[PDB]
Amino acid sequence: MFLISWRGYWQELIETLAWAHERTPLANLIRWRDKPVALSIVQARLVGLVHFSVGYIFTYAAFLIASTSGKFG
Amino acid sequence: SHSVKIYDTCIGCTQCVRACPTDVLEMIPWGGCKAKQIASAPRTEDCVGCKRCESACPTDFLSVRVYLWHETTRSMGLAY
Amino acid sequence: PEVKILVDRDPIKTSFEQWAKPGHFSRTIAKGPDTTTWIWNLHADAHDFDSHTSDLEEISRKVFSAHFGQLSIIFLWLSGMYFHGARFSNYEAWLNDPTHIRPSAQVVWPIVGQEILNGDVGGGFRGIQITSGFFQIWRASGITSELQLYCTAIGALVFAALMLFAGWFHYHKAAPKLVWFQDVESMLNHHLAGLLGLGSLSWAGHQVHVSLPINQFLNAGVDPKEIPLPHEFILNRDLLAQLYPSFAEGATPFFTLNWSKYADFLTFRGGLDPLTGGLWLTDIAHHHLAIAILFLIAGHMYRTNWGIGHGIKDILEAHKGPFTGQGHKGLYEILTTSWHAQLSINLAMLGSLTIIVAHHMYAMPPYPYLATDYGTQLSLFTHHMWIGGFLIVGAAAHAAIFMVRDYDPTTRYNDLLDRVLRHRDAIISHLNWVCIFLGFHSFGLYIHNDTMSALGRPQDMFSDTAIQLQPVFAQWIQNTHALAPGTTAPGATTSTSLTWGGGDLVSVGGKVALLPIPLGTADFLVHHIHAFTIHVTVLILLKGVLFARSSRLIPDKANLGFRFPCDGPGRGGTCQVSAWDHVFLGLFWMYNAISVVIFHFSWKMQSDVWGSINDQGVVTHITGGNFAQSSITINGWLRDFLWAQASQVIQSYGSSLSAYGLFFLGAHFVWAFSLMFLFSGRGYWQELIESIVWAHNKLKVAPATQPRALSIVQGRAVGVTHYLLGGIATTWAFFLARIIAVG
Amino acid sequence: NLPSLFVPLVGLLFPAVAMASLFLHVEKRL
Amino acid sequence: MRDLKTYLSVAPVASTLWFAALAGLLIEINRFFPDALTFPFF
Amino acid sequence: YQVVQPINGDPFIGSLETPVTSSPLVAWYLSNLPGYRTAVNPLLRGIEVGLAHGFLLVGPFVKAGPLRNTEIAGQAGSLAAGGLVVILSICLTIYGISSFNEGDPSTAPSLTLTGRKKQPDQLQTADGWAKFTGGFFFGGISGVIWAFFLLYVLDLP
Amino acid sequence: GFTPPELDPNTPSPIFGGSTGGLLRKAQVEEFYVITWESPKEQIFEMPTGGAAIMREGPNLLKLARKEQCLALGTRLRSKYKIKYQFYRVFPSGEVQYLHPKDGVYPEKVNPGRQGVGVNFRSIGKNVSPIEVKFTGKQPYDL
Amino acid sequence: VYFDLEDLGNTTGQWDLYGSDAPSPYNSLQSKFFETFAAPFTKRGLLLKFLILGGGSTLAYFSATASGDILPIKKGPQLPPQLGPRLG
Ligand code: CLA
Ligand code: CLA
Ligand code: CLA
Ligand code: CLA
Ligand code: CLA
Ligand code: CLA
Ligand SMILES: CC1=C(C/C=C(\C)CCC[C@H](C)CCC[C@H](C)CCCC(C)C)C(=O)c2ccccc2C1=O
Ligand SMILES: CC1=C(C/C=C(\C)CCC[C@H](C)CCC[C@H](C)CCCC(C)C)C(=O)c2ccccc2C1=O
């Protein structure tokens, strides 16, 4: 996701969501202290690389240990 | 706010100002080129950092530069 | 206002002069390349006619002739299929023994070792098994000899020549006037009554005179060479009368309204013929007749030159209400002006149609010996799903191109469109919410089941044996269909489809054709997955259309065009704001949705439908009814579907199916190859190319057409194209090896 | 016995306290 | 005529002709000298 | 005649008026919910909100929980609803601590839809928010207790 | 010498049914913008936010959420129609700040009362290396 | 008028759309009941401490005193321990 989708898509989407929150009764009693925005360009490269890497390592670790230890040999 | 600078390689074709979607740039008088005008960035607090001006510059290398810097409501283009 | 034939003579001169000027259509591209980017633009803009010229008449003429080119190619392709059926097929041997012989219409040359792909398909024939379905069509059409296939291939080739000729003729000689194209009432009247009506009627004719009798002799075990020729049934009516006695009347019951006497060969039985496993040909001929009448009637709705009938503009304008303002006022002007608008609606409806076809052909197998040929059925369903999904994403793309290019409220205004644009934020925000809710309450249930099953708590899962989520509504529906014949359809002998009605399992050659399809918690969860994926695709595409003009982030977005990479790193970063990039993003989700759909089809059909049947009637399904207990968990999809059913394609080496193993691995390769383009960006590549260019100038071998990295947009397009090709072809090889081996 | 004390301590109480506290520090205005 | 030879000189067409010839050649060579992991003539 | 109009007549404030938004039934009902009682002490509105919600939360925890099929403790699964009242009350508390300082006035609107000056809701004050949080906690624990007190003669216990 | 025209309230606004694209809480507590223009007639124009509105004959006033929306609409008014526009920033205190055209002359036309800002009198390649401004607050382009 | 540099709350739509502004429908004695009983919880810092420490110790209590008839993790294994692939 973070590697293929880029920012502007999410920024416009979040604008529609800000409109939604301000125009919803009971919920607009609650206000955000920090303006919700889409992640930065570089930030998305980092976040997506981190998911890619965590999934990489954890997948291969599960297969390695299960396939060896399951046989122990 | 983003920093925006002009360099004396500017030939005063006015295209950076024409391209700017927030009116950051102006043409001021100058004696260094034939067009007798050079660009200027007196309103960078409205600069959103889209670099349309840089896309518009014919000078090699560029004579406008947008150095994306500290973000603000205006620089993030927020209507909320 | 008097509809008439309108053309102009010799608008464009037939010459090779512009064949030799690449990019002649574009004033910029025609100047030739200064950089390699030129070469790509020449191909990306070739069919973008309304970018070449602003004259609607020229654009319409290009569109028309181009359609002729397409039809020429289609006729050449059909000529190929029939010719290969006559010259390189085992279709006669199969025609004798359909439940055993495998259909094969392609033979490979023995050059490099590839002759192994000519496998044993039966009938003393070595070749590649075909999953298109042409054998069941040709049998359903009464075709017996290879000679008839030859004649059809020759006719198809002739029509390819005629269509091509008409394209050249109506672009270069007699090119219709713009008013001719805009005569919408005439066009709809002729496509409803003339094309669809007379086509369906003609086909009903062939079926009652050729298909029905020849299929009677085939079903009665007669040898195909001994079957009378199709025209002998037209000449001596005693052949038909022996088969179908009603033909002794001489169509007098038709004029005397004694039509019930034709209940012999025109029937409403429904269900399946238990010998062939396909729909009753009597029901099908009767069907084409009824359809013919309906369309022939529908083709008189619109007024042309004789005052009777409807103007479509009148109908539109009358339809408005307290919520929608003046709505529909202006749509006749838009739909007779914008090609992209028409292409948008037609892509939407044609793709949706293709998907409906995909369902109806499996649940009501229309050709003989089609249901039991699982390779052909899986191939057909999967194929038409892909066509449909692609076409729909196209509909989004051209709705967006309309919004950017042809939308103008100061000239061609519409109230409905303006109001939609006036609450686009509400629409997209609500669609967003529904997508999140559906994600959680469809896929999150799977994650719930995986976590409970891993923790040793299968009673805490969502299952038919734990926490049941029964599709009560769908179950009630298929029950109502099961009860329909004799009650709410007294003319219907059996159920509308064997998926509804209990019992009446149909088996051919020991293999099942259709039986009642069960529905349970597994089917519930999967169906909400389909809802979810469709809603997210709609979100991306509709959001692309409604904010193509402008948004709070970019007020002047329409001035940047339909297809542009971004408006720069500012405003936080604006990559992929273009409607094009919304089509790009929506293609991935169409791939996701359709992938899960066809996996659901294969899994469910092999688990609960297809299989072999005993002489005493014990059915063994290809997989052990493991859909209900194994699909309710992601691990079950990984293990009991992917890992299990991929054994054929990874074991295909050394057999005639090894090509599917090679395509399995190669499609994996191009899919992973796409990730290079999708994860990177052209600045890196252009810098690297700077070093490579240095190396070439060192040896005096730098080219004049300066090498450039792909554009940002082209990077995306290449990326999504290889992603889609790799994934789809991977599932292709997987499916075909699997179902050809175990089916 | 001790895991029944420290597993909820560092898996529930500690994350709640740390998230609330960091939330306050992060939303503060001087 | 001159324009048609020009069109036939364009990059994709010259490429199909060139590689089609090359393919026929390599196919026929593998037809008269099939398999072959080595240059056997030494 | 048209059903949709701009919000409060101003067509450049980003919203619309529909039967969903501005309707006598809707306007009355929303106006009669505790959150929208701007002149009432926020503590009482918090009492009502907590009573309703705390009462509601008991159902799903008990019927869907892990001890649901052990009726001996499944009924007592209401402790979980109590804990969620605790967590939500923490969220409220830190929301107010983060949002409102000691001496700041209300951030609620001080105008009505018709333009007349209004007195702003004290809910949007540090003290008013603290009172609404205490009321939501009290009413929430109390509502959980009240729902748990009824185990009897209900088609879904 | 140029005197900015003061923002005149009671100036009419275009005919428009309302949209979800308009102002939000940002306009109440932070800032919003106002663009005024003179129209020769009643025209239909595309709103930078919603769909279509009717420009009124005479003075038009239009409150928008961002400066870029004012400049976009004004660009179009000057292009499609031939209309002079001005726009201002408006703070929640009621204070108004005239923004554009700053001189009464459009900024792409050189006007002599204009002072240089951010102008560096050197080629861009003569900027120093980061190491030469390290630990100083400066950036090599600030010189 | 919809634009007034004097009143921007009206100009920028800063209204209470559904705020009632009516007086209390809650009768007293009920009000004084909840006002005197929920009063200790109306100090936000104190309430935060009471919730973190109260809920934390509550959690520690139900976790330390849990029974194997509720949690399989306290009940422990009830089967003879199996044997590893090659090892114990
Ligand atoms: C038979 C001779 C002939 C001649 C000499 C011309 C000459 C011309 N045509 Mg015409 N035309 C013809 C036949 C011909 N046409 C036919 C048969 C059709 C019906 C399709 C048309 C319809 C037509 C249209 C709609 C247009 C022209 C245009 C033009 C002019 C532009 C130059 C050009 O077309 O380059 C083109 C060179 C090509 C090689 C085109 C090849 C396209 C083929 C059909 C695609 C084949 C599909 C392929 C198999 C896909 C598989 C790919 C796979 C291997 C990967 C040019 C003077 C254009 C024009 O007016 O210019 C402004 C214009 O828009 N023609
Ligand atoms: C720093 C390495 C380390 C790691 C990764 C773990 C990991 C784990 N411990 Mg252990 N522990 C450690 C050190 C560590 N421990 C030390 C030095 C002591 C004191 C001798 C303990 C004493 C301890 C007890 C009594 C128990 C655990 C338990 C556990 C398990 C459950 C987590 C828990 O209850 O919180 C951990 C509890 C602690 C008291 C750890 C804090 C001890 C020192 C002071 C760490 C410093 C913490 C500091 C405030 C924050 C620094 C952040 C980080 C770098 C440590 C878990 C797998 C529980 C268990 O076995 O469940 C089955 C359990 O009952 N730990
Ligand atoms: C890593 C720490 C951690 C710990 C210690 C627990 C502990 C527990 N979880 Mg949780 N969980 C965690 C992480 C954790 N979880 C995370 C990260 C997720 C997100 C994926 C979940 C999502 C999850 C779900 C969906 C569920 C659980 C459930 C449970 C309970 C199942 C055992 C049981 O039936 O007990 C006894 C069962 C009871 C109902 C007793 C209630 C316990 C009382 C109310 C404790 C009082 C709480 C305290 C006052 C407030 C806590 C906050 C505090 C810091 C102030 C158990 C006490 C189940 C559950 O709670 O049932 C509703 C269940 O439904 N967990
Ligand atoms: C009963 C009269 C009739 C019939 C049968 C058709 C049939 C067709 N039209 Mg046409 N059309 C008609 C009248 C008719 N049209 C009228 C009155 C108008 C408005 C003036 C249009 C304007 C129109 C446009 C703008 C287009 C079509 C297109 C198509 C094709 C759509 C694709 C398809 O279904 O392929 C199925 C294929 C077949 C059924 C094979 C049979 C086709 C035969 C050879 C043609 C028979 C009808 C033909 C008009 C007879 C005239 C020939 C004579 C003048 C020499 C299709 C063959 C598209 C097209 O041109 O594609 C190239 C398209 O772009 N039609
Ligand atoms: C009958 C349906 C139809 C019609 C007539 C059109 C017509 C048009 N489209 Mg549309 N579109 C459609 C369906 C259709 N499209 C579908 C189904 C999709 C979903 C993918 C789209 C999505 C879409 C987008 C996103 C865009 C268009 C664009 C265009 C315009 C430019 C066409 C062009 O010159 O490209 C030239 C054609 C090519 C360069 C061919 C590319 C080769 C493809 C990518 C690979 C095919 C792989 C092959 C089948 C398998 C492997 C074989 C290989 C190994 C040899 C044109 C008017 C473009 C535009 O700018 O609009 C103005 C544009 O951006 N369309
Ligand atoms: C497996 C990879 C993956 C995942 C998980 C997602 C997830 C999502 N995508 Mg994405 N996407 C992907 C791949 C993926 N995408 C890729 C490769 C692309 C490039 C083409 C995109 C491009 C894309 C677009 C363009 C869009 C999305 C959208 C969405 C959201 C749909 C709404 C939804 O379902 O909400 C629910 C969330 C889920 C179903 C995820 C799983 C939830 C888990 C099971 C719940 C666990 C909660 C638990 C308590 C965690 C707490 C633990 C604690 C320690 C914190 C969703 C969150 C759409 C959107 O914005 O939303 C409307 C949108 O428009 N995606
Ligand atoms: C999904 C997506 C978003 C939307 C995602 C957003 C806005 C992030 C939302 C995060 C929510 C708040 C949950 C995050 C939960 C984290 C797992 C918790 C981490 C927090 C601490 C541990 C640091 C982008 O903004 C974006 C921008 C540029 C390129 C691609 C993308 C992109 O793909
Ligand atoms: C790899 C990659 C490239 C480099 C890829 C390029 C430049 C593709 C072009 C390579 C082909 C092979 C050049 C064509 C050469 C001619 C066809 C001549 C060939 C000579 C004969 C063999 C025909 C990008 O330019 C790029 C741009 C934006 C995002 C991602 C990427 C990206 O991932």
Side-chain angles (χ1 to χ4, degrees), chain F residues 7-15 21-22 26-27 29-33 36-41 43-48 67 70 72-73 79 82-83 86-87 89-90 92-94 96-97 108-115 118-121 126-127 129-135 137-139, chain H residues 1-4 6-59 61-63 65-73:
Chain F
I7 173 189
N8 206 26
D10 193 330
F12 306 103
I13 304 296
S15 197
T21 57
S22 303
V26 176
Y29 174 67
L30 288 175
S31 290
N32 289 269
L33 293 178
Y36 282 145
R37 300 194 174 273
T38 60
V40 182
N41 182 29
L43 180 152
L44 300 168
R45 317 187 267 161
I47 296 296
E48 189 189 343
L67 305 169
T70 69
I72 176 172
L79 305 172
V86 176
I87 302 171
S89 308
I90 297 169
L92 285 162
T93 300
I94 61 173
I97 294 172
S110 58
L111 306 181
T112 77
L113 205 56
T114 61
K118 194 176 166 300
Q119 183 154 1
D121 195 351
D127 288 339
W129 192 269
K131 295 185 195 69
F132 178 81
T133 61
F137 175 76
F138 186 97
Chain H
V1 300
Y2 294 90
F3 188 83
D4 179 13
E6 195 67 25
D7 187 14
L8 294 177
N10 204 39
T11 312
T12 59
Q14 188 173 356
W15 309 297
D16 190 356
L17 272 72
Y18 305 94
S20 180
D21 185 72
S24 172
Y26 312 136
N27 53 81
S28 291
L29 182 65
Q30 185 173 7
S31 290
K32 287 184 184 175
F33 176 96
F34 293 111
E35 282 178 358
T36 59
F37 291 166
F41 311 105
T42 61
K43 290 185 187 180
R44 56 189 194 178
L46 176 64
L47 185 66
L48 182 59
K49 294 179 183 173
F50 165 79
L51 292 174
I52 289 183
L53 298 187
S57 67
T58 304
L59 181 68
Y61 171 83
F62 289 96
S63 184
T65 67
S67 168
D69 298 337
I70 298 168
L71 300 182
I73 189 67

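Below, chains carry the letters A, B, ... as their sequence lines are ordered, and counting in each starts from 1. The figures here come from the full heavy-atom set of this structure, side chains too, leaving out hydrogens, waters and symmetry mates.
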Pairs of heavy atoms under 4.5 Å with chain H: top-ranked of F/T21, F/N41, F/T114: F/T21
Heavy-atom proximity to chain H below 4.5 Å, by part of F/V86: both
Taking every non-hydrogen atom, the tightest pair across F/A39 and H/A22: CB-O, 3.6 Å
Derivation and outcome, side chain to side chain contact (heavy atoms under 4.5 Å, CB included), residues F/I90 and H/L48: CA-CA 6 Å; F/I90 297 169; H/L48 182 59; 3.9 Å; yes
Contact class of H/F62 relative to chain F, heavy atoms under 4.5 angstrom: side chain
Pair F/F137-H/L51, side chain to side chain contact (heavy atoms under 4.5 Å, CB included): steps then yes or no: CA-CA 10 Å; F/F137 175 76; H/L51 292 174; 3.5 Å; yes
Largest heavy-atom contact set with chain F, pairs under 4.5 Å, which of H/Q30, H/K43, H/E35: H/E35
Side chain / backbone / both / neither for H/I70 at chain F, heavy atoms under 4.5 Å: both
Which atoms of F/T70 approach chain H - backbone, side chain, both or neither, heavy atom under 4.5 Å: neither
Interface moiety of H/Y26 toward chain F, non-hydrogen atoms closer than 4.5 Å: side chain
Side chain proximity check, H/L17 to F/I7, heavy atoms < 4.5 angstrom: yes
Interatomic spacing from CG in H/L71 to CG in F/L67 - rounded to 0.5 Å: 8.0 Å
H/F34 and F/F138 aromatic ring geometry - parallel, tilted or perpendicular at 30°/60° bounds: perpendicular
Which of F/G135, F/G96, F/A73 touches chain H most, by non-hydrogen pairs under 4.5 Å: F/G96
Rounded distance (nearest 0.5 Å) linking atom CG of F/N8 with atom CG of H/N10: 7.5 Å
Portion of H/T11 that has a non-hydrogen atom of chain F nearer than 4.5 angstrom: backbone
Within-4.5 Å side-chain heavy-atom neighbours: F/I72 and H/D69: no
Spacing of OG belonging to H/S20 relative to CG belonging to F/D121, to within rounding of 0.5 Å: 11.0 Å
Over 12 foreign heavy atoms within 6.0 Å of OH, H/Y61: no
CZ on H/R44 to CG on F/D127, rounded to 0.5 Å: 7.5 Å
Residue, of H/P23, H/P25, H/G9, H/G54, that accumulates the most heavy atom pairs under 4.5 Å with chain F: H/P25
